[PDB]
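Let me begin by presenting the structure, written as structure tokens, before commenting on it.
In what follows, every heavy atom counts, from backbone to side chain, and hydrogens, waters and symmetry copies are set aside. Letters go in sequence order (proteins before strands), and every chain restarts at 1. Both counts, for ligands and for their atoms, begin at 1 and track the order of listing.
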Amino acid sequence: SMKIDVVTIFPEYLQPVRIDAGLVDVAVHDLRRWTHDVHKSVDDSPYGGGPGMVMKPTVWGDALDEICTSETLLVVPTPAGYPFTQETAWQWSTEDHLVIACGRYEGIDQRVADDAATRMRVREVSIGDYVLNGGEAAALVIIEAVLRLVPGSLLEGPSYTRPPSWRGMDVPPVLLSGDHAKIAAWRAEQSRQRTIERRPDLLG
Amino acid sequence: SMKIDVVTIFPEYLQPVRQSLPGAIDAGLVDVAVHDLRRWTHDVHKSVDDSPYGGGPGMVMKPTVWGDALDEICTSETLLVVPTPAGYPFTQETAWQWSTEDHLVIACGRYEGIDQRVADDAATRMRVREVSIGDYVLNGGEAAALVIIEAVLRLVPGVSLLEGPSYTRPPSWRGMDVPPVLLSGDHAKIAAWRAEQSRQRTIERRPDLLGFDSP
Ligand SMILES: Nc1ncccc1[N+](=O)[O-]
């Protein structure tokens, strides 16, 4: 049974929304719980100058101290990360404890991850080559890709269902043929063509 | 101003778009409207899916229901976005491109996809873009819709290489010091160090970006 703790300054964003079949426990934590000042400050100007802000190490350090254990896998979504793939989702789906640290894309002070890595496994990962303001949406994607793999190539080609004719377009007759070896071969070719057209990187 | 309509059988799930988020609505730069696909059903049990022709696992969303929905929501100026693992890649360039659009409609699908005729039909009157946000599988297009909205909206007027490590105060923490060059005020040496750190991180984490083989 899996535990997922998410830490964010936008807890409402990650409020689950009604799969509660008691398979996984997901807890969301407001990062401001661990701030030190009356202003509940979570970021500060970057050393070396430049735009935006960097999230404070003292605040994140306290949060992870309380939430993480030696058994924890710490997930840090960031555009500067290793790629998050289906292989990753599969690996993480058998973990007991995931902690996802959501930060603004300018980043969390690197000493946070570096320190955590001396006591637990840390994975900095990117869900894609685009920039988001913060890690929250990436966290939703990771949570969904991982949890759907918990009990309870080529591209896929087009799919079809009833009715057999709709707005002048017929379902490919082969799909209604009852020749299942031929259907497989047809689907294989559709996958080849679609992969060539949309994702030539997948063919080498 | 921009208009985004999202069509889904899980409307409440597109609540994370709301107030305390970059998803901008409050500043009146975009209006985001979420529609329950089941609004366009007519049968008692509000059915939106059916078993696939030709066999296979799962269900396929019916064309009839999606057709009526898109008839009501789209115009010929609409950019129809269909998140799918079989889509063209959604990239930063895509985000910049869509940031200048007047009207995005995002069709969120579940099970094993939407009957292909829906996208084919729509393309006879509007521009259609089937896209993938990444090489992982989600149950449905909803989370991908949130990602796309976040990536696009932060580029709207009025709102290469990997970024290396960043630091802020204090300059020493748990016996770990900020790199001294970052404290030196030498803009040229700081730029050089950051450039270097970025290329070290890219070669390690994303060698593909520099034209090398992936692990
Ligand atoms: N692409 C991203 N942008 C911001 C935060 C996280 C991200 N990611 O890909 O995991």
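Aromatic ring pairs are classed by plane angle as parallel below 30°, tilted from 30° to 60° and perpendicular above 60°; the pair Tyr160(A) and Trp186(A) is tilted.
Remark: aromatic rings of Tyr130(A) and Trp96(B) are distant, center separation not under 6.0 Å.
A cation-pi geometry, defined here as NZ or CZ lying under 6.0 Å from the six-membered ring centre and within 45° of its normal, holds between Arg154(B) and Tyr105(A).
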Give me the pairs of N or O atoms, one from ligand 1 and one from the protein, that sit under 3.5 Å apart.
| unit_1 | atom_1 | unit_2 | atom_2 | d |
| --- | --- | --- | --- | --- |
| ligand 1 | 1 (N) | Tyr130(A) | O | 2.6 |
| ligand 1 | 3 (N) | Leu132(A) | N | 3.0 |
| ligand 1 | 8 (N) | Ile127(A) | N | 3.4 |
| ligand 1 | 9 (O) | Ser126(A) | OG | 2.9 |
| ligand 1 | 9 (O) | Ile127(A) | N | 2.8 |
| ligand 1 | 10 (O) | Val125(A) | O | 3.4 |
| ligand 1 | 10 (O) | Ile127(A) | N | 3.1 |

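In this structure, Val65(B) and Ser47(B) approach most closely via the heavy-atom pair CG2-O, 3.9 Å. The nearest pair of heavy atoms linking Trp34(A) to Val7(A) is CZ3-CG1, 4.4 Å.
A donor-acceptor pair shorter than 3.5 Å can be found between the side chains of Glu130(B) and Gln116(B).
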